[PDB]
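Before any comments, here is the structure.
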Number of protein chains: 2
Amino acid sequence: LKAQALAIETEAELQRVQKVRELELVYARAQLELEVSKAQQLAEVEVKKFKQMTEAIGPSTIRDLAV
Amino acid sequence: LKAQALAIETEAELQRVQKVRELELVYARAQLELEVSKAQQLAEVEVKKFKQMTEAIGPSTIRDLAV
């Protein structure tokens, strides 16, 4: 009888944990997408800032300005 | 009689542990997939940032700018 009651409570618990972890997986995937969009857009504006600045100053000036 | 009751409780426990570990394996696999997607997308945006920056500055400038 203990085995039967354990079977019932185990089946209910496993259905719950399955649904919870499935929706948690979907929301973590959406957080991943928003994170990588943030990272690539900030990286792109950093690259554009550096490129226009080192174009405006010229590489020959920074070749001997750091030393 | 102790052997028979041990057989019943052992069979119930092993069915429970089998189902629990199977769904835990599936969810750990899904976490692995999301992790490797995160790692490769952040690595790709890092590589693109470094490549465009070292293209904008030129390798001859960084050849003697670090020393």
Any residue in the range A:4-11 that is closer than 20 Å to B:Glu33 by Cα and either touching a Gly at 6+ places or on another chain (Cβ under 7 Å) or within 10 Å of chain B (Cβ to nearest Cβ) (or both)? no
Condition check: out of contact with any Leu (no Cβ under 6 Å at 6 or more places or on another chain), outside any helix (DSSP H, G or I) and among the β-branched types (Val, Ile, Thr). Does A:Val67 satisfy that? yes
Of the conditions (1) over 30 Å from B:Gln18 (Cα atoms); (2) more than 10 Å from every other protein chain (Cβ to nearest Cβ), A:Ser37 satisfies every one except a single condition; which number is it? (2)
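Residue by residue, here is whether (1) farther than 30 Å from B:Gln4 by Cβ; (2) assigned to a helix (DSSP H, G or I); (3) not basic (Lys, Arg) holds:
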{"position": "A:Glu13", "(1), (2), (3)": "no, yes, yes"}
{"position": "A:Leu23", "(1), (2), (3)": "yes, yes, yes"}
{"position": "A:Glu44", "(1), (2), (3)": "yes, yes, yes"}
{"position": "A:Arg63", "(1), (2), (3)": "yes, yes, no"}
B:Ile57 versus (1) more than 8 Å from chain A (Cβ to nearest Cβ); (2) more than 23 Å from A:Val26 (Cα to Cα); (3) hydrophobic (A, V, I, L, M, F, W, C): which is the lone unmet condition? (1)
Which number in (1) within 10 Å of chain A (Cβ to nearest Cβ); (2) under 25 Å from the mean Cα position of the chain (by Cα) marks the one condition that B:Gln15 misses? (2)
Out of the residues in the range B:52-67 that are more than 34 Å from the chain's Cα centre (by Cα) and β-branched (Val, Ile, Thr), which is surrounded by the fewest Cβ atoms within 10 Å (Cβ to Cβ)? B:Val67
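Quick note: the coordinates plus some simple rules give every number you see, no bench work behind them. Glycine also receives a Cβ, built like all others from the backbone with ideal geometry; neighbour counts cover every protein chain displayed.
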